[PDB]
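Below is one structure, written out as structure tokens, with a few remarks after it.
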Amino acid sequence: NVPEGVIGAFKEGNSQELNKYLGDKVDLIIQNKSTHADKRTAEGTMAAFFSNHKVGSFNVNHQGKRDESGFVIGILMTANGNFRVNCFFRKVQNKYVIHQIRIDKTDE
Ligand SMILES: [Cl-]
Ligand SMILES: [Cl-]
Ligand SMILES: [Cl-]
Ligand SMILES: [Cl-]
């Protein structure tokens, strides 16, 4: 169910759903703050992000995958800013999991 499940999790601002797709180690870069997080910390960071930025919409404009990696790029509109989101996936145990999330506020 990748990347549909991740896209849905962002659309709903739901870190618990996102969790299901997180790798055991995730690099987060959120407003230029970088963290190399275990899964539990990554979910916690995303929970805080969604709590502080109530999601209105998430729309993807480019996605793709090869045998061992993939990506999703889109725009997240929230009640506290709009953000470009990049999710980069790696294949682990035959499943695509998130290895990096970048979130960067738009210039508006
Ligand atoms: Cl950590
Ligand atoms: Cl935050
Ligand atoms: Cl979409
Ligand atoms: Cl959409």
Side-chain angles (χ1 to χ4, degrees), residues 1-65 67-93 95-108:
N1 195 27
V2 175
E4 298 73 27
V6 169
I7 293 169
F10 272 90
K11 283 178 174 287
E12 305 166 35
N14 196 327
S15 63
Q16 195 171 324
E17 299 284 10
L18 182 64
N19 187 64
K20 283 180 55 181
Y21 316 100
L22 294 175
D24 289 332
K25 296 289 186 182
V26 183
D27 294 313
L28 303 171
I29 309 93
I30 303 181
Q31 285 314 97
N32 285 333
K33 296 290 187 172
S34 185
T35 61
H36 181 64
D38 63 16
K39 198 179 155 180
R40 171 164 226 174
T41 301
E43 188 285 331
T45 298
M46 289 307 307
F49 182 84
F50 290 142
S51 290
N52 285 314
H53 308 85
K54 184 189 174 184
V55 175
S57 67
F58 182 57
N59 291 278
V60 176
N61 296 298
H62 197 9
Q63 55 187 303
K65 59 174 165 62
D67 268 21
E68 303 308 313
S69 59
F71 67 92
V72 171
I73 303 169
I75 301 284
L76 188 72
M77 292 181 56
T78 88
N80 186 21
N82 303 321
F83 301 86
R84 310 268 255 113
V85 178
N86 310 156
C87 302
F88 302 117
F89 297 78
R90 62 189 204 271
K91 183 172 278 172
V92 176
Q93 301 304 137
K95 305 181 196 68
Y96 291 96
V97 297
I98 298 166
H99 174 61
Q100 181 172 126
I101 304 178
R102 182 182 158 262
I103 299 178
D104 199 72
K105 192 177 177 301
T106 64
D107 189 24
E108 62 195 325

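For the single chain, residues carry numbers from 1 onward in sequence order.
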Holding to side-chain hydrogen bond (donor to acceptor under 3.5 Å, both in side chains), I want the full list of residues that pass it with [X], two or more places apart in sequence or in another chain.
X	answer
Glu43	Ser15
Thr41	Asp38
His53	none
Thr35	none

So how far is it from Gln63 CD to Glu4 CD, rounded to the nearest 0.5 Å?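 That separation rounds to 7.5 Å.
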
CD/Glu12 to CG/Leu18 distance, rounded to the nearest 0.5 angstrom?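 Separation between the atoms: 11.0 Å.
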
Cut-off 3.5 Å, no hydrogens considered: what does the side-chain donor-acceptor table look like for residues 21-32, sequence neighbours left out?
unit_1 : atom_1 : unit_2 : atom_2 : d
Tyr21  : OH     : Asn1   : ND2    : 3.3
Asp27  : OD1    : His36  : ND1    : 2.6
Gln31  : OE1    : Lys105 : N      : 2.7

Let's go through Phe58 and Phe10 carefully: what are the C-alpha distance in whole Å and the side-chain angles of both, what is the deciding distance for ring pair (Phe, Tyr, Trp, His ring centres under 6.0 Å) to 0.1 Å, and is it a yes or a no? CA-CA 6 Å; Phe58 182 57; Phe10 272 90; 5.3 Å; yes

Could you pull out all residues at least two apart from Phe88 that satisfy ring-ring contact (aromatic ring centres under 6.0 Å, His included)?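 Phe88 satisfies ring-ring contact (aromatic ring centres under 6.0 Å, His included) with no residue once adjacent residues are dropped.
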
Hydrophobic cluster of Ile75, others only, ordered by chain and residue number, side-chain cut-off 4.5 Å: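 Members besides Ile75, by chain and number: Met77.
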
Assess whether side chain to side chain contact (heavy atoms under 4.5 Å, CB included) is satisfied between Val2 and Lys91, documenting all intermediate values. CA-CA 11 Å; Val2 175; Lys91 183 172 278 172; over 6 Å; no

How would you list, by chain and number, every residue that makes a side-chain contact (heavy atoms from CB on, under 4.5 Å) with [X], sequence neighbours excluded?
X	value
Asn52	none
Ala48	none
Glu17	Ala9, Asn14, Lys20

Taking the side chain as every heavy atom from C-beta outward, state whether [X] and [Y] have any atom pair closer than 4.5 Å.
X	Y	value
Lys39	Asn19	yes
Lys11	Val55	no
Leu76	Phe49	yes
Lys65	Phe89	no

Pairs involving residues 72-84, ordered by first then second residue, that meet side-chain hydrogen bond (donor to acceptor under 3.5 Å, both in side chains) (sequence neighbours left out):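 Sorted result for residues 72-84: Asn82-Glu108.
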
Per the side-chain contact (heavy atoms from CB on, under 4.5 Å) rule, which among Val60, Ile101, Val72, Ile98 passes with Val6? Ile98

